[PDB]
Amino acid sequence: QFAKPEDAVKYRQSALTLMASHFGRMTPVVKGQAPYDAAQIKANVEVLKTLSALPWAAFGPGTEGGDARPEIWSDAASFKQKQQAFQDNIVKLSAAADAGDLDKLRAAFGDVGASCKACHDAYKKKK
């Protein structure tokens, strides 16, 4: 869907921004700093579900640019494992939210965050 590589870069950066707001806005809830409303969190995690599937297709062939390391493309099966671990932890987070359990949510949120960081550390260029 991208006319030039820069269009894929812009898309994935926007998707990751949006996805990252939906994740991070739950931090006060899982820390107990903000109240836990099970329906609110279930709806938010549904939005995060959708968003968390979107970035990866915008790292096609020859979309080098932005802060994406070239290793994303030359080590494709591996990058795919970092992405698939992350989305399987998103499935777990959905399960916790859908069930309405703050303990389970806390644990699942931590697992997702660890998977964000694992990919970050391997595949996002240094700042």
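All residue numbers are counted from 1 along the displayed sequence.
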Original post:
If you average the Cα B factors in the entry, which is higher, 95-103 or 57-65?
Top reply: 95-103
**OP:** Report the stretch with the higher mean CA temperature factor, choosing between 5-13 and 104-112 on the basis of the entry.
**Re:** 104-112
**OP:** Would you mind ranking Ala39 by its C-alpha B-factor against the rest of the chain and naming the third, lowest, middle or highest?
**Re:** middle
Original post:
Considering only modelled residues of the same chain, in which third does the CA B-factor of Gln83 rank: lowest, middle or highest?
Top reply: highest
